[PDB]
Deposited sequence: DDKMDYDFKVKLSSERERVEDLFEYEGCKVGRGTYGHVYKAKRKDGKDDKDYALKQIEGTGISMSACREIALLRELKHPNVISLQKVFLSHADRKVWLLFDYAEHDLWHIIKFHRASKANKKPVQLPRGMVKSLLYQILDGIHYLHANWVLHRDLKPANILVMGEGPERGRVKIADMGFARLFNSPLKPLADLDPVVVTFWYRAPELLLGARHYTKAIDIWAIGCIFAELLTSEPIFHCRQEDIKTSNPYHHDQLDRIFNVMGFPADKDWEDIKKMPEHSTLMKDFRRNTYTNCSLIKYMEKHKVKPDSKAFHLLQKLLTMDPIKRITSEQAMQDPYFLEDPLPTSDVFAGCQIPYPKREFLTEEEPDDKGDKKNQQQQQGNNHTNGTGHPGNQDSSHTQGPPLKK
């Protein structure tokens, strides 16, 4: 029950997504979040590419609500910026508008890994610095990402933000801030051992993974795919890479819900010649490089011994030649393919 006059006035003024934007057949992303389309202004002669995100489901869900709530406030060059929200009353769907990011780390790393059949000198370093910059901004505002991975580290293509990182797809809604309420390559060991709550350190672990993957073109904790947080093979892979933590390395590990399960399954001696140093040496990364020492500080087993994003940004790595650049491509021609559209039914 509304005022009729009020209703038809709002109906008349209402910006409708299908009136303003052309996006028919221009789907570039599908997933649990919903659908993402490459869109162009039908009217205002923008010639500017946009990303239109139709959120999964109808009405405004806790997920939708919190995403809008936080994006409505967050403003940082390295965090994807919400341009507009459209609410379509007929079908009760929610549409979010963003500037369009041609590239992302999943596709960039994939492109390199295929080429086995980082070219600008400071690209890796530039990418990492900007990722850290963006996450630090979130963390300083007490916002966790909670789902960091190469696929939602976007990078802008040609245009006024050429080569700028955009962190996207923040895990804005998690019941009781818990991982236990509904791959694991980027998940911190405390998660795998039953941590009850997302934390800043858990995001930092994921950044470490991403950094290693940028250096090697391979996911450092690669593992087979598919409610319980314990995942044996993923822990096995981590220990095969990192080694098995000593008591002094992670004193509080005894406080993890799955610690006894870990003990039941794993013998320290199984991993005695395993270390990040040996792992990175096999992938042609010098252990005495500033790069490696910073990587080691992100990939610390014990979350409380893990470096913070701000401390990482101050690392002398970023003072060493070549310096981080605002454009991660550093003027160079972008060799990466543009996104292909999805015509699947």
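Missing from the model, relative to the deposited sequence, are the ranges 1-2, 120-124, 190-198, 243-246, 366-406.
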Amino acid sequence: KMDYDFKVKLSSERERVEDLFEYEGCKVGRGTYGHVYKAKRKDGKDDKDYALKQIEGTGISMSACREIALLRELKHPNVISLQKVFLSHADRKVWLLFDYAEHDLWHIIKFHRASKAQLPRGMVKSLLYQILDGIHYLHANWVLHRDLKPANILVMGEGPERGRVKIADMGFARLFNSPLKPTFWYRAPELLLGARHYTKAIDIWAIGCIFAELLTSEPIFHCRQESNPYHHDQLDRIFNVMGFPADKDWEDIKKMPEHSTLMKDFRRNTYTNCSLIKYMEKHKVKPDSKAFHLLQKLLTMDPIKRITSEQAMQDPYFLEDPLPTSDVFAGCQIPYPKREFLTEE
From here on, numbers count along this sequence of modelled residues.
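Between two forms, the rigid core is the largest collection of C-alphas that superpose within 1.5 Å.
The stretch that moves more in 9 other deposited structures of this protein, judged by CA deviation after a rigid core superposition and choosing between 131-139 and 164-172, is 164-172.
For 192-200 versus 119-127, the mean Cα distance to the shown form in 9 other deposited structures of this protein after rigid core alignment is larger for 119-127. Modelled in this chain, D147 is likewise built in all the other compared entries whose models extend past it on both sides, so a third of them omitting it does not occur. Figure legend: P182 is marked as unmodelled in at least a third of the other comparable entries of the protein. The mean Cα B-factor in the deposited entry runs higher for 336-344 than for the other of 336-344 and 2-10.
Looking at mean Cα B-factors across 273-281 and 303-311, the upper value is held by 273-281. Comparing the C-alpha B-factors of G157, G194, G243, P182 in the entry, the top value falls on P182. Of the candidates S126, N228, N141, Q83, the one whose C-alpha carries the top B factor in the deposited record is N228. In this PDB entry, the Cα temperature factor of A64 sits in the top third of its chain's modelled residues, the highest group. Among all modelled residues in its chain, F266 ranks in the highest third by Cα B-factor. Annotation for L97: C-alpha temperature factor in the middle third relative to the rest of the modelled chain, per the entry. Compared with the other modelled residues of the chain, the Cα B-factor recorded for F172 ranks in the highest third. Ranked against the other modelled residues of its chain, the C-alpha B-factor of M256 as given in the entry falls in the middle third.
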